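J.: Dumping the structure here so I can ask a few things about it.
Here Cβ is always computed from backbone atoms with ideal geometry, including for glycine, and neighbour counts include all displayed protein chains. What follows is calculated from the coordinates using simple rules that are stated; it is not laboratory data.
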Amino acid sequence: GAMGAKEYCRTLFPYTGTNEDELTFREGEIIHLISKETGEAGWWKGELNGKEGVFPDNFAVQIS
């Protein structure tokens, strides 16, 4: 969130989750941002297909 109630990010590269808690996606998909601060710098938490997980936000671009 940070400066709003809704956060959307578009993926530009494919990311495969190494851990069961890690998120997985391909390039070209809108992801919902839940928390920009998960307790680790550079890690973002989002939801995709009812699943929540952390991951380096470099595989997606935030509209704002």
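J.: Restricting attention to the range 1-20, which residues are out of contact with any strand residue (DSSP E or B) (no Cβ under 6 Å at 6 or more places or on another chain) and either basic (K, R) or surrounded by 14 or more Cβ atoms within 10 Å (Cβ to Cβ) (or both)?
T.: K6, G17
J.: Across the range 46-64, what is the total count of residues that are over 16 Å from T18 (Cβ atoms) and either basic (K, R) or free of Cβ contacts under 8 Å to residues at least 12 places away in the same chain (or both)?
T.: Total meeting the criteria: 2.
J.: OK, next. All but one of (1) surrounded by fewer than 20 Cβ atoms within 10 Å (Cβ to Cβ); (2) over 17 Å from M3 (Cα atoms) hold for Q62; which doesn't?
T.: Going through the list (1) surrounded by fewer than 20 Cβ atoms within 10 Å (Cβ to Cβ); (2) over 17 Å from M3 (Cα atoms), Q62 breaks only (2).
J.: Taking the range 40-59 on its own, how many of its residues are surrounded by fewer than 14 Cβ atoms within 10 Å (Cβ to Cβ) and not acidic (D, E)?
T.: Residues of the range 40-59 surrounded by fewer than 14 Cβ atoms within 10 Å (Cβ to Cβ): 40-42, 47, 49-52, 56, 58.
Subset that is not acidic (D, E): 41-42, 49-51, 56, 58.
Of the residues in that region, 7 qualify.
J.: Of everything in the range 38-59, what is acidic (D, E), closer than 18 Å to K6 by Cβ and over 8 Å from the mean Cα position of the chain (by Cα)? Give them in sequence order.
T.: Passing the criteria: only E52.
J.: Could you say whether any residue in the range 21-39 is in contact (Cβ under 8 Å) with a residue 60 or more places away in the chain, touching a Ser or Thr at 6+ places or on another chain (Cβ under 9 Å), of a type outside the set (S, T, Y) and loosely packed, with under 15 Cβ neighbours inside 10 Å?
T.: First pass over the range 21-39, keeping only residues in contact (Cβ under 8 Å) with a residue 60 or more places away in the chain: none.
Among the residues of the range 21-39, not one is in contact (Cβ under 8 Å) with a residue 60 or more places away in the chain, touching a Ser or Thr at 6+ places or on another chain (Cβ under 9 Å), of a type outside the set (S, T, Y) and loosely packed, with under 15 Cβ neighbours inside 10 Å, which makes the answer no.
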